[PDB]
Amino acid sequence: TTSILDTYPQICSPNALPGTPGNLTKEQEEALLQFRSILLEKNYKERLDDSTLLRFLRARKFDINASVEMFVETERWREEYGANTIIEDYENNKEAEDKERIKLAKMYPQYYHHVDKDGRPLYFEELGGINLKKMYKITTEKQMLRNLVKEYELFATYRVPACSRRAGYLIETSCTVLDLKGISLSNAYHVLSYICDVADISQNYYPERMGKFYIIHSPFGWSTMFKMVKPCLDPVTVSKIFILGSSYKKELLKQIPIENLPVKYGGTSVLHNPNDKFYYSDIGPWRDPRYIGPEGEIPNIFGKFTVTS
Ligand SMILES: CCCCCCCCCCCCCCCCCCCC(=O)O[C@H](COC(=O)CCCCCCCCCCCCCC)COP(=O)(O)OCCN
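Start counting at 1 in the sequence shown, then tack on 1, and there's your number in the deposited numbering.
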């Protein structure tokens, strides 16, 4: 076929939220057809699939005019910023890129690790080890945004097809755990511009990619800092963010299989080599040959240090 979308499910579970592929109303089906017809008339050719277009439509409550405007601006940004070649450009410089990513990994753990009960990629970030002075020595704010965009492209390219083949339904979103244990509120206020730039790119160019977003171990007074963040967040974004209390492990176990959840977050999941570190790891359906398709296997984001079991 040479059409990757033909090799994994393009309809979501019937238990998914409204407006999702396979779960549309008659009016929403007609909106999708009218939306695609407009983009085709404007000579767009790429990213016109049901999943992509319904993400944009859900983000705009199926307002077709607003959705076209959003899609048109996204395509412009992708071209101007280089999102369309980010993976290729990465691979053509993989050595240096890998080296820098490794430097940040212990300080700012970012790792996918199996899936939630619906098959979404299970994603973790730990923020309490960040030292700003040291971080500003290894990276720039624009570089971190580039890394975020690159991961958005890797998510769609490798993680969605593999997770969807395993779930037997289309997977569009992440189950994300943000661990704030040990952060300084001072640091948190100093990085407000980065958080809002992240929300900007997320909301404007990768609509409807959030699924579950849990914040755990937030310190006393964190509610005050979050009030600085909310004006950067759209209503739907805020709706997917769940700030967990001291019973966070039980909330996590409502959504995540115990065997997929790390021991320190309330499950039984361990690495195959107990000395390996989660911040060098990338474990999930996209590492299983059963579930990798014609897209190929994902590149190793930590080079030789990448831990895949
Ligand atoms: C040169 C270096 C200088 C750079 C300055 C910053 C350096 C340190 C970077 C750490 C500070 C920010 C950390 C949080 C960043 C925002 C969210 C990160 C996770 C993320 O990608 O979430 C997406 C963004 O959505 C959202 O917008 C979700 C909003 C939730 C954010 C809550 C705010 C956290 C406050 C704690 C900060 C602690 C600071 C300690 C220094 C949606 O989620 P998904 O499920 O689609 O993502 C998983 C698939 N990619």
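Ideal placement from N, C-alpha and C gives every residue a C-beta, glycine not left out.
Given a cut-off of 7 Å, decide if residue j and residue i are closer than it, judged by their beta-carbon atoms.
i: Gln256; j: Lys213; result: yes
i: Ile39; j: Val69; result: yes
i: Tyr281; j: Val308; result: yes
i: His115; j: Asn261; result: yes
i: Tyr153; j: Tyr207; result: yes
i: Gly120; j: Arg59; result: no
i: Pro300; j: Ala163; result: no
i: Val239; j: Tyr215; result: no
i: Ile184; j: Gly222; result: no
i: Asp180; j: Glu127; result: yes
i: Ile131; j: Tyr109; result: yes
i: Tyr91; j: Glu98; result: yes
Tell me the residue span of the beta strand (DSSP E) that contains residue i.
i: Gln29; result: Unbroken run through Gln29 is the alpha helix (DSSP H), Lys27 to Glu42; no beta strand (DSSP E).
DSSP has residue i in a bridge; who is on the other side?
i: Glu126; result: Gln111 and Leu179
i: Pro263; result: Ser270
i: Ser282; result: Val308
i: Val116; result: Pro122
Leaving out the 5 sequence neighbours to the left and right, which residues in its chain are closer than 7 Å to residue i when beta-carbon positions are compared?
i: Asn24; result: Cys13, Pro15 and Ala17
i: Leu54; result: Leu33, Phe36 and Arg37
i: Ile302; result: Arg102 and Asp283
i: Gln29; result: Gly20 and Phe63
i: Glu142; result: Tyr195
Please return the same chain residues whose Cβ sits closer than 8 Å to the Cβ of residue i, not counting the five positions on each side in sequence.
i: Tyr190; result: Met226 and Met229
i: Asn85; result: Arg79
With residue i as the anchor, note down where its alpha helix (DSSP H) starts and where it stops.
i: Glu142; result: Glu142 to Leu155
i: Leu133; result: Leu133 to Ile139
i: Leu253; result: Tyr249 to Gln256
Give every residue of the same chain whose Cβ lies closer than 6 Å to the Cβ of residue i, excluding the five residues on either side of it in the sequence, and list them in chain order.
i: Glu209; result: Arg56, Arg59 and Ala60
i: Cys197; result: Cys233
Item to check | Contiguous alpha helix (DSSP H) assignments of at least 4 residues, all confined to the segment 167 to 246 | outcome: 186 to 191, 193 to 206, 223 to 230 and 236 to 240
Checklist entry - Which parts of the segment 56 to 118 are runs of the alpha helix (DSSP H), unbroken and 4 residues or longer, counting only runs that do not cross its ends? => result 65 to 82, 87 to 92 and 95 to 106
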